[PDB]
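Next up is one chain by itself, shown in structure tokens, the form deposited in one PDB entry.
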């Protein structure tokens, strides 16, 4: 199919493997710009001009897993490990709510210390503030997920990483794609708004793999989808591999919006790390969420999944104001409510 024909099929919602493969394979500037415009327009029509702010607190960099891409992997001895106290986390969340955050995201390595009861206690305290709570804590027993839902958690982010089971197992040697999917299905069954997503440009990953990621996301109809480029970290086995391509990653975000028009899709910090102004571009190519860093010093600089974190030198309270300025200069509006998914049922 020609570029024009692929665009027409996307507009008619003929989302075949063949159409998706061709969209990711064509490198023509004209085609790409038309794809981005289509995603931007679909975003505006379905989810409007509000950009939802999710304040993220990265509360522990301790991890029991050994994912090959991740700077927090357990084999990395070149890292000072930290744990925020429950009181520090709650009060940091309170400060974010004081600054206008309507969702608090708690993210960590897979750190056994907190699990499950300390998390439950923290979630309960933050829910009293009248905001949404999102957890992003990795893979845990169903019972832990159940306890956290009962404690009042609203959403769970668990990127599927890669839908190729062979590549998944190689990159995530403690676990499997089967496990990851089972966790995502459990989260959905328990009533969480559930987020998946993937990295683009992983070593060994192919275009067909990216197509499979898109089809996987469409199959399971996730509420949120987080996508970013792979960025090699020097203290990992993938230190010498190539970074993911920004434009290809942007096309994945655009296609995700086209496939899942009413989903919540962040402009991830990795997009802003690989290219100056990358988040702002992504917000104009299908994304409608932004996640300003709210991890305080001295811990922020110790939570580097990949190097070059854009907020690392900024003050503790800088990032919420910074994204509000961003939203205004983009001609957009901040979210007025918790920014939960607003499903538009269609055919």
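Residues that one form lacks are left out of the comparison. Just so we're on the same page, rigid core means the largest C-alpha set that superposes within 1.5 Å between forms. Numbering follows the first chain given and starts at 1.
The same protein has a further form, the form deposited in another entry, not shown here; the description that follows concerns it.
S.K.: If you fit the rigid core between this form and the one not shown, which of 322, 26, 302, 68 ends up with a C-alpha shift of 2 Å or more?
M.R.: Among the listed residues, the one whose C-alpha moves by 2 Å or more is 302.
S.K.: For a quick test of reading the superposition: does residue 38 move by 2 Å or more at the CA between this form and the one not shown, rigid core aligned?
M.R.: The answer is no, as the C-alpha of residue 38 shifts between this form and the one not shown by less than 2 Å after core alignment.
S.K.: After the core is matched up, is the C-alpha of residue 311 off by 2 Å or more between this form and the one not shown?
M.R.: Yes.
S.K.: I want to verify one pair: residue 324 and residue 305. Are their C-alpha atoms nearer or more distant in the other entry compared with the form I supplied, knowing the change is 3 Å or more?
M.R.: Relative to the shown form, the pair is closer.
S.K.: Say whether the C-alpha atoms of residue 241 and residue 303 sit closer together or farther apart in the other entry than in the form shown here, given that their separation changes by 3 Å or more.
M.R.: Residues separate in the other entry, at least 3 Å farther apart.
S.K.: Taking the rigid core as fixed, pick out the runs of 3 or more consecutive residues whose CA atoms all shift by at least 2 Å between this form and the one not shown, and give them in sequence order.
M.R.: Shifted segments: 301 to 315, 345 to 347.
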